[PDB]
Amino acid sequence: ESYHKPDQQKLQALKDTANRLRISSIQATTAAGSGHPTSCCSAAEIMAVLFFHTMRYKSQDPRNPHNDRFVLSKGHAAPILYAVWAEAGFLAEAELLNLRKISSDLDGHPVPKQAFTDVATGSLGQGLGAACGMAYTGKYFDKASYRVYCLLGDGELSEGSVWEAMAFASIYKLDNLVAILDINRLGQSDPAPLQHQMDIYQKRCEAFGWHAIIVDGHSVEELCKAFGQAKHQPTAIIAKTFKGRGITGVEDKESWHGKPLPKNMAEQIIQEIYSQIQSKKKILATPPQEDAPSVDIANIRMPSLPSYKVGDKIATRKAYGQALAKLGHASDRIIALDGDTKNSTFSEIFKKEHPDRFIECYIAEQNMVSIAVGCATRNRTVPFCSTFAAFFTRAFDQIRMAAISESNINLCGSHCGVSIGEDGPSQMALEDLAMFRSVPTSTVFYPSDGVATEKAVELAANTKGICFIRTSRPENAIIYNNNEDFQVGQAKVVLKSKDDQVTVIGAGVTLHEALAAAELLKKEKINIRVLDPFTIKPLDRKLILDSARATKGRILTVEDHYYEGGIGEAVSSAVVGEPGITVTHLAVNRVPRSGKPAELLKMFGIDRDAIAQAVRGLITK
């Protein structure tokens, strides 16, 4: 479709639109008594041109799969996003004045309870990565005509996650992606480092493989023209703007970030702005080409039961890769992402079988999570991203924001605990249960053998929210029949007798250490009940207490994790006050060190001998 070169009337209408957007941003934030009108005002021409000249979308159906995508990475400009959607006719204009109220959904930063919002972006520097996932999906998966536009602040460009996204987009040739940089000179508490050194922004963007265009960000004509030419690269529109543009005496000034105008001032400024508006008549949105495919929404089922033999040995990290590849044969919706760790996590098995649905994200965990979030938007794909669980700590803010975004992504973190052995603590995940349990939409799977791992992958695929699967480096025996039924929130008793003296709860390597401890103790005529949680969150509280009532009220938890936030604390929190119920914990008490897996389990007090000694001390207490 050809560029429609605007006439003066259309340009004036875009100017009028921009000024209406300024007025609304001021009105809403003054009414609220909080917000960021000066951050809205620098972006007003950009927003007017994108929404009312460049982009193609259904104004009454913002989530429509054919629409261009817009990502407001500088999320504190939310009032101007709300204003554009009122201008487009989707929101009632009166509702804008209810910004930030508990009675409204026009919250302080954008969130997906709003139909026009796909991802939450209030933590700066994350929007471009989500936009990259949307664009990758558009070009390679949907193979559709929609474009993706992402508006960033200049201070925001200090976040390294932005530059990971920059690099991703040029690696993957995202010529359907446009980044708009609101170079308004100022951050929150000082000028942004580069201020109005436009040439340095351009050099940085070009060095990272983008086509970079410097524009006057307050010229609707320059913006129309720059937006109106597609490229064969991701394109950066580097817009020179003034913070607080159009607010006399505030434009280009410090001390105004995140400060609303007092009511007397708002009135005077609004009259000034209003005097610039030539017509009240609004521009209409233009709809998209409807070429996005149908996506099925059905449950995804493994093509057959697991085919692992009891007593065979496999690491759960390898079972993960096998299971993911298997599920990829059952649904084309499954995609896999990994951060240069595919030979360690075994996501390489998926890549071998389904290369078109594997996304190499390189050593860039923050961006990987954001790509996954973007790919999951509008239910276009079912992403599984993997790395070492330790390195998911690099992406905690992206994971946190993924829950605020109501995202359905699946994360598999390998190499948990000290049982990795010789690499040492940098590679050892000892805080990942704490981290993922604190994510409010999470389900935490901790499979203890290959069968449980395959079942966890299948369950995760069909579970909403942030699903985490904790996998382990060493090989462990298969203990479950292939036809064992597994469910979220259902634990398994893997050893029991009628005279059990303690219920021992372990998972992964510590489940297997608990089973070996049981063999040790049998020597001593002491029996223990052994329970495998399967999911750490939610925890099968009923089976845990039923078990504990069978074993004199005594529970012992043993985990390859630090004491805080893990299995022991989950169990304690679930059962505290239950009469005759006691909980004793074994976990890792400090930063570990290198050695063989068995040696470290011993050093840190979570192997078979430690468990046996804790059981004896309970019995003799």
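Quick note: we count residues from 1 along the sequence shown, nothing fancier. Here the rigid core means the biggest group of C-alpha atoms that line up within 1.5 Å when the two forms are laid on top of each other.
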| item | value |
| --- | --- |
| RMS CA shift, core-fitted in 7 other deposited structures of this protein, bigger for 170 to 178 or for 227 to 235 | 227 to 235 |
| Entry-level comparison of average CA B-factors, 514 to 522 and 256 to 264, reporting the higher stretch | 514 to 522 |
| Comparing 379 to 387 with 286 to 294, the one whose average Cα B-factor in the PDB entry is higher | 286 to 294 |
| Criterion, highest CA B-factor; candidates, 178, 186, 504, 334 | 504 |
| Top Cα B factor in the deposited entry, candidates 493, 215, 124, 171 | 493 |
| B-factor third for the C-alpha atom of residue 197 within its chain | middle |
| Lowest, middle or highest third - CA B-factor, residue 312 | highest |
| Cα B factor band for residue 554 (lowest, middle or highest third within the chain) | highest |
| Record-listed C-alpha B factor of residue 32: chain third | middle |
| For residue 346, the third of its chain into which the C-alpha B factor falls | middle |
